[PDB]
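Residue numbers (the authors' numbering), protein chains in the order written: chain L9, 1 to 191; chain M6, 3 to 199; chain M4, 3 to 138; chain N0, 1 to 172; chain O3, 2 to 107. Since the structure comes first, as structure tokens, the remarks are kept for the end.
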Amino acid sequence: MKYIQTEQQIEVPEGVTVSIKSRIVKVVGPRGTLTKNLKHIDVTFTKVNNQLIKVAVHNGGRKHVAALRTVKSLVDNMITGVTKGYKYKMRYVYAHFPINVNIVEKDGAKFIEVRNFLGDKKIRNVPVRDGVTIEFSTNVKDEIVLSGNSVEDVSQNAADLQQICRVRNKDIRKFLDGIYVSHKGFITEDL
Amino acid sequence: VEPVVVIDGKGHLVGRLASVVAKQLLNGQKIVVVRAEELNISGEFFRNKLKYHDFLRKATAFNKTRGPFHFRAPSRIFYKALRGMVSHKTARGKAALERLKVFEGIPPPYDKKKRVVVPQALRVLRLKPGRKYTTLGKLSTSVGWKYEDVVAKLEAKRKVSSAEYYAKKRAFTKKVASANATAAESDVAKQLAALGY
Amino acid sequence: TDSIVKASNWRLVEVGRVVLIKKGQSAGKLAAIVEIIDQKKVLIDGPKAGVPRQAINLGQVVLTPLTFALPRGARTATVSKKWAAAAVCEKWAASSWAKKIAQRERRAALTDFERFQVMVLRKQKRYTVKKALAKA
Amino acid sequence: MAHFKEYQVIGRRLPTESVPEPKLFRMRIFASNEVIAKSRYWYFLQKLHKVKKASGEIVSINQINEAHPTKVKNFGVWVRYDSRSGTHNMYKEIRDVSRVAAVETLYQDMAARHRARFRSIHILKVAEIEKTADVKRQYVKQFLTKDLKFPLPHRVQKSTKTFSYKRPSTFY
Amino acid sequence: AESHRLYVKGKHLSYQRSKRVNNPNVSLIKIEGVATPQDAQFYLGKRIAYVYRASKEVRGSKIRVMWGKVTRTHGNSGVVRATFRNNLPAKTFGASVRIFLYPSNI
RNA sequence: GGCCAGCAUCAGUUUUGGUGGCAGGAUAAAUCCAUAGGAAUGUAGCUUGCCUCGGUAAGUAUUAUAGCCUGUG
RNA sequence: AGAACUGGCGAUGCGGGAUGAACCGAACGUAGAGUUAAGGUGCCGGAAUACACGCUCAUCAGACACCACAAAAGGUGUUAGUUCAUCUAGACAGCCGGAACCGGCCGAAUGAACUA
RNA sequence: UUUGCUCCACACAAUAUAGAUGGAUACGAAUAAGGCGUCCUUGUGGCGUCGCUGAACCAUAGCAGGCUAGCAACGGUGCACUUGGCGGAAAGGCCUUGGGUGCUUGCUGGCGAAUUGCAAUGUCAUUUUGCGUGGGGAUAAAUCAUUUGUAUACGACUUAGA
Ligand SMILES: [Mg+2]
Ligand SMILES: [Mg+2]
Ligand SMILES: [Mg+2]
Ligand SMILES: [Mg+2]
Ligand SMILES: [Mg+2]
Ligand SMILES: [Mg+2]
Ligand SMILES: [Mg+2]
Ligand SMILES: [Mg+2]
Ligand SMILES: [Mg+2]
Ligand SMILES: [Mg+2]
Ligand SMILES: [Mg+2]
Ligand SMILES: [Mg+2]
Ligand SMILES: [Mg+2]
Ligand SMILES: [Mg+2]
Ligand SMILES: [Mg+2]
Ligand SMILES: [Mg+2]
Ligand SMILES: [Mg+2]
Ligand SMILES: [Mg+2]
Ligand SMILES: [Mg+2]
Ligand SMILES: [Mg+2]
Ligand SMILES: [Mg+2]
Ligand SMILES: [Mg+2]
Ligand SMILES: [Mg+2]
Ligand SMILES: [Mg+2]
Ligand SMILES: [Mg+2]
Ligand SMILES: [Mg+2]
Ligand SMILES: [Mg+2]
Ligand SMILES: [Mg+2]
Ligand SMILES: [Mg+2]
Ligand SMILES: [Mg+2]
Ligand SMILES: [Mg+2]
Ligand SMILES: [Mg+2]
Ligand SMILES: [Mg+2]
Ligand SMILES: [Mg+2]
Ligand SMILES: [Mg+2]
Ligand SMILES: [Mg+2]
Ligand SMILES: [Mg+2]
Ligand SMILES: [Mg+2]
Ligand SMILES: [Mg+2]
Ligand SMILES: [Mg+2]
Ligand SMILES: [Mg+2]
Ligand SMILES: [Mg+2]
Ligand SMILES: [Mg+2]
Ligand SMILES: [Mg+2]
Ligand SMILES: [Mg+2]
Ligand SMILES: [Mg+2]
């Protein structure tokens with residue numbers, strides 16, 4: 001029914017400085033640097049106190065106000081991304097054939113490389129998104145770890161690998177093998 | 003009013019630009035359209051992709067030639083929407099359609115000419131904000147227009163020389179405005195002021 | 003490294019926002035936004051330019067950057083006091099907007115003779131300027 | 001239908017030898033002219049007491065002018081209406097400067113949201129809403145907050161000439 | 002000097018017509034700078050000339066002229082109606098035309 | 001006087017404006033004036049609890065360092 | 001396929017319904033100026049890209065009597081309603097303590113069935 | 001095949017013309033943002049300003065613009081020339097050096113204008129061709145017939161011949 005005013009709050013932490021001109025958004029943290037283009041949205045970003053940035057939608061409709069919060073969130077995860085970080089751990093599961101998982105690179109590439117999945121002679125390769133650093137988890141078995149400042153970039157590169165392992169032509173609830181996302185949290189722990 | 007009118011296509015709605023351009027011809031005004039690639043169509047890209055494919059599937063069945071002709075390039079897509087608003091099977095029609103040219107890009111006459119905008123065809127003014135829409139070149143290139151990248155390369159090369167131009171201009175028209183600047187306060191000035199100048 | 007967000011800072015429909023009529027029997031007069039009806043209509047009172055207290059669409063009206071202090075719902079005379087009190091008209095007139103409305107109405111009153119006097123002057127002004135233009 | 005005035009319409013059944021001075025019933029009718037208005041009076045009076053325009057007489061017709069035309073008011077509006085399935089009642093709230101101004105913007109709404117033309121609507125009651133927080137509907141109350149302001153982003157300016165030599169600006 | 006024009010530029014748009022049929026006896030003229038029906042009233046009764054060339058010399062020139070007047074206005078965009086000594090050829094639709102400042106009331 | 005124009009003064013038809021004087025109504029309703037009353041989308045004043053000379057948060061207060069609503073005339 | 005009354009077509013052009021015997025408008029000597037009907041005024045196309053309030057976004061939107069066909073049935077798309085009820089006796093959620101009930105956190109509305 | 005061709009110069013013949021009559025007056029990009037100015041530590045910077053339409057800007061006086069004189073400027077503007085730079089999207093146009101010829105309404109003068117008789121576009125654009133004079137320039141082919149068979153119903157195709 002066209003709400004004449006609604007807004008949200010991006011609370012800005014210490015080591016962070018965000019710069020918004022037109023609808024391009026840049027977040028500069030101690031961890032890294034992230035930029036995201038919101039020109040598809042139609043909102044007004046407004047600085048108040050340099051700790052806080054408000055984003056408002058004027059005269060908005062139902063669907064339009066709905067897009068307000070998902071603006072806020074998008075920026076929040078940009079700030080929390082540039083400080084805490086994003087660590088997605090995912091553990092291969094195999095009922096019989098052990099899943100041989102590796103980082104191979106040719107032509108300066110860096111892909112994840114999955115061998116012997118369900119005894120597949122075919123070699124699966126999922127490319128490594130820029131900004132995600134992979135490591136295989138020491139001391140814990142069949143765990144792989146994706147880390148970066150972009151949730152987007154990371155959690156895609158997670159489901160990237162997680163979906164190259166789909167099983168064909170069997171009941172899936174019997175054959176459970178794959179590489180599935182174990183846990184998602186931040187890079188600096190205790191936070 | 004003028005001998006020839008150049009219309010920057012960029013940011014205009016095809017059918018609304020078409021309708022005004024159609025009418026200029028019929029009233030005798032010569033029109034040339036440029037940047038037909040960056041023309042807009044209301045509605046999101048996919049629908050417009052579909053619509054063209056519907057156009058695409060119509061042809062005379064016994065001979066595919068005599069059936070409708072499906073042009074890809076943004077100009078000809080736009081010339082088509084424009085032809086469709088004109089009486090073109092008449093002679094008056096052929097006459098009107100000769101007064102019109104449409105180009106993708108801005109070829110050499112007209113790159114140093116001056117190009118206008120038609121607000122009632124202007125997308126920014128016309129569409130409710132946040133309504134999905136379509137850049138025409140992107141559609142054309144998905145239905146088989148081969149030249150999108152050339153036009154881009156040329157336009158960027160051209161857009162550079164036009165800033166060189168505009169740079170010197172903004173600099174020289176800074177000198178000129180420092181000239182009227184002293185002639186202000188003069189006897190002649192404050193008189194022209196009196197009469198409105 | 004402060005944050006430096008942009009602004010996009012609009013003129014506001016608000017009580018006390020002096021406003022220029024565009025279309026109407028009052029067309030071209032200043033009024034003030036007395037109360038507010040909905041996202042489209044408002045109440046206006048213009049009394050120092052003689053526009054009636056009336057409700058009006060915002061589409062017949064163009065918001066000015068000028069605005070003064072004034073209570074919501076304030077009756078005509080009270081609009082008169084506060085209007086003059088804050089020198090609304092004085093401040094509209096100094097504006098380059100109003101000065102361009104001025105400038106263009108004078109060019110309408112000009113007479114063929116006056117028009118000719120203008121041109122003679124222009125050639126005179128041009129000569130002195132293009133002279134200056136080749137010294138620097 | 002059209003643009004409205006409000007009429008007091010007062011009538012009585014025709015005096016009968018045994019019953020001189022009948023009882024004088026009156027309505028407040030929103031119509032665009034007295035000829036429509038007086039038809040409505042007979043339209044409703046037939047749905048209340050036993051009278052036809054034949055057996056009746058119109059005692060008076062008096063236009064009713066708004067009593068504070070420059071004061072912005074909130075209005076409760078009680079309406080009965082016919083949809084394509086059945087007939088049902090309703091309540092909406094209109095914020096405007098008079099009664100006659102609101103009955104207009106009501107008939108628009110009932111047409112715009114509910115596809116209800118004029119003939120299918122009865123106006124049951126229109127009342128001022130005397131105090132705030134007796135206003136029940138959000139689309140009004142939204143306008144009642146203290147010290148209201150708001151912008152009008154993305155401003156368009158109709159052209160007076162078809163061609164134009166700047167690229168426009170939607171600013172404000 | 003440069004400009005000797007004592008007329009106002011105009012265009013020959015169409016005859017008078019419905020969608021089905023026309024009336025060559027009446028033409029519709031668009032006048033530069035005329036916008037509104039009230040803008041058009043000024044040029045009522047003024048005099049139009051459609052100037053055009055030919056192959057034969059006649060009176061001592063190869064230029065010929067058809068002459069007419071502006072009889073009344075047309076619609077809400079300030080197009081104007083005009084009738085001529087002889088009906089304009091209709092090959093002229095979209096051809097220039099001249100509206101003179103006389104007969105004057107200024 | 002042969003055809004034709006152009007202007008002026010008229011007549012018949014008509015179209016588009018500008019201006020004058022009247023008649024209605026709630027003898028318009030409003031604005032405005034005078035007056036009594038009252039309220040909050042509570043103005044000054046006061047108190048209060050934080051927060052930096054810079055004002056903030058909530059109680060109190062009905063014209064006061066704004067104003068409004070309502071009846072009367 | 002067959003009756004009733006009337007108006008029509010047939011025997012009738014003309015404006016309108018793109019097209020069309022029967023619909024709408026209007027019935028015809030030859031012409032003129034004016035005004036209109038029915039129907040229309042983005043462009044084809046004469047005539048407002050007129051004003052105003054809403055509603056509508058469709059990877060099958062929709063767009064005008066006769067008329068050129070779609071129904072039951074569903075949707076947590078989105079609008080405005082209705083009848084019930086919780087809500088500053090800080091409700092409804094996500095944590096957390098006690099044993100759904102009440103609270104510690106919350107600072108504003110929320111739940112149910114239904115109408116179109 | 002009687003002296004034919006072509007580029008540049010001009011003369012008149014004619015022939016047309018979807019319709020000259022002051023000037024098509026050049027960033028790019030955004031539009032819930034930008035233009036211009038200025039300043040700095042040159043940034044998604046500071047500050048100033050503008051917008052609310054080109055209703056602008058430029059040009060515009062002089063026999064359709066006659067004949068002349070002066071001053072003041074050291075400017076504007078046209079024509080042919082020349083210096084060098086740039087433009088391939090359809091560049092075929094933009095910029096610049098230099099001397100030479102003209103206009104000037106920046107300002108002040110002298111002369112002319114009628115009788116075209118109260119209006120009758122009262123004639124100023126541009127397109128193609130032909131006929132004649134010097135000024136440059138250039139001196140081939142194709143088809144039939146003959147021939148070939150990588151071709152072919154016939155035409156056409158592909159070879160060959162001073
Ligand atoms: Mg699969
Ligand atoms: Mg299966
Ligand atoms: Mg199986
Ligand atoms: Mg198509
Ligand atoms: Mg096919
Ligand atoms: Mg063929
Ligand atoms: Mg192809
Ligand atoms: Mg009342
Ligand atoms: Mg009731
Ligand atoms: Mg009913
Ligand atoms: Mg532009
Ligand atoms: Mg005749
Ligand atoms: Mg027209
Ligand atoms: Mg005679
Ligand atoms: Mg008068
Ligand atoms: Mg009067
Ligand atoms: Mg009176
Ligand atoms: Mg009285
Ligand atoms: Mg009176
Ligand atoms: Mg039958
Ligand atoms: Mg028969
Ligand atoms: Mg018959
Ligand atoms: Mg008959
Ligand atoms: Mg008939
Ligand atoms: Mg017909
Ligand atoms: Mg039909
Ligand atoms: Mg018919
Ligand atoms: Mg139709
Ligand atoms: Mg037209
Ligand atoms: Mg509208
Ligand atoms: Mg209809
Ligand atoms: Mg319908
Ligand atoms: Mg249908
Ligand atoms: Mg249903
Ligand atoms: Mg149903
Ligand atoms: Mg259901
Ligand atoms: Mg539902
Ligand atoms: Mg529903
Ligand atoms: Mg429904
Ligand atoms: Mg730039
Ligand atoms: Mg700025
Ligand atoms: Mg700068
Ligand atoms: Mg800068
Ligand atoms: Mg700057
Ligand atoms: Mg070439
Ligand atoms: Mg041979």
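All C-beta atoms, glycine included, are put in the ideal place defined by N, C-alpha and C.
Proximity below 7 angstroms, CB of residue i to CB of residue j
{"i": "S137 (chain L9)", "j": "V145 (chain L9)", "result": "yes"}
{"i": "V55 (chain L9)", "j": "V71 (chain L9)", "result": "yes"}
{"i": "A41 (chain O3)", "j": "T84 (chain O3)", "result": "no"}
{"i": "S144 (chain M6)", "j": "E106 (chain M6)", "result": "no"}
{"i": "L141 (chain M6)", "j": "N50 (chain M6)", "result": "yes"}
{"i": "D160 (chain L9)", "j": "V104 (chain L9)", "result": "no"}
{"i": "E40 (chain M6)", "j": "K82 (chain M6)", "result": "no"}
{"i": "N37 (chain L9)", "j": "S5 (chain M4)", "result": "no"}
{"i": "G81 (chain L9)", "j": "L52 (chain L9)", "result": "no"}
Nearest candidate by alpha-carbon position, reference residue i, set the options
{"i": "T170 (chain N0)", "options": "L52 (chain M6), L138 (chain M6), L124 (chain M6)", "result": "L124 (chain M6)"}
{"i": "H5 (chain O3)", "options": "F101 (chain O3), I107 (chain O3), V59 (chain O3)", "result": "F101 (chain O3)"}
{"i": "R86 (chain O3)", "options": "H13 (chain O3), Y44 (chain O3), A2 (chain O3), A50 (chain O3)", "result": "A50 (chain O3)"}
{"i": "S147 (chain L9)", "options": "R124 (chain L9), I20 (chain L9), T133 (chain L9)", "result": "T133 (chain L9)"}
{"i": "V23 (chain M6)", "options": "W147 (chain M6), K171 (chain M6), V119 (chain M6), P76 (chain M6)", "result": "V119 (chain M6)"}
{"i": "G32 (chain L9)", "options": "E135 (chain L9), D107 (chain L9), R124 (chain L9), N149 (chain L9)", "result": "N149 (chain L9)"}
{"i": "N139 (chain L9)", "options": "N169 (chain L9), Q162 (chain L9), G61 (chain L9), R91 (chain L9)", "result": "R91 (chain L9)"}
Cβ neighbour criterion (16 or more within 10 Å) applied to residue i
{"i": "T70 (chain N0)", "result": "buried"}
{"i": "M78 (chain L9)", "result": "buried"}
{"i": "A98 (chain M6)", "result": "buried"}
{"i": "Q157 (chain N0)", "result": "exposed"}
{"i": "residue 175 (chain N0)", "result": "The first residue shown for chain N0 is 1 and the last is 172, placing residue 175 (chain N0) beyond what the model contains."}
{"i": "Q31 (chain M6)", "result": "buried"}
{"i": "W147 (chain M6)", "result": "buried"}
{"i": "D47 (chain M4)", "result": "buried"}
{"i": "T184 (chain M6)", "result": "exposed"}
beta-carbon residue i near ligand 9 non-hydrogen atom, thresh 6 angstroms
{"i": "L124 (chain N0)", "result": "yes"}
heavy atom of ligand 11 below 6 angstroms from residue i C-beta
{"i": "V119 (chain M6)", "result": "yes"}
{"i": "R167 (chain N0)", "result": "yes"}
Residue i Cβ short of 6 angstroms to ligand 1 heavy atom set
{"i": "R78 (chain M6)", "result": "no"}
Specify whether the region 16-28 of chain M4 and the region 65-85 of chain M4 touch according to this definition: at least 3 beta carbon pairs, one from each stretch, less than 8 angstroms apart.
-> yes
Are the region 4-13 of chain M6 and the region 57-67 of chain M6 touching, with three or more C-beta to C-beta distances below 8 angstroms?
-> no
Counting Cβ pairs, one atom from each stretch, are 3 or more of them under 8 angstroms apart for the region 84-93 of chain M4 and the region 108-122 of chain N0?
-> no
Does the region 2-20 of chain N0 touch the region 32-43 of chain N0, meaning 3 or more C-beta pairs lie closer than 8 angstroms?
-> yes
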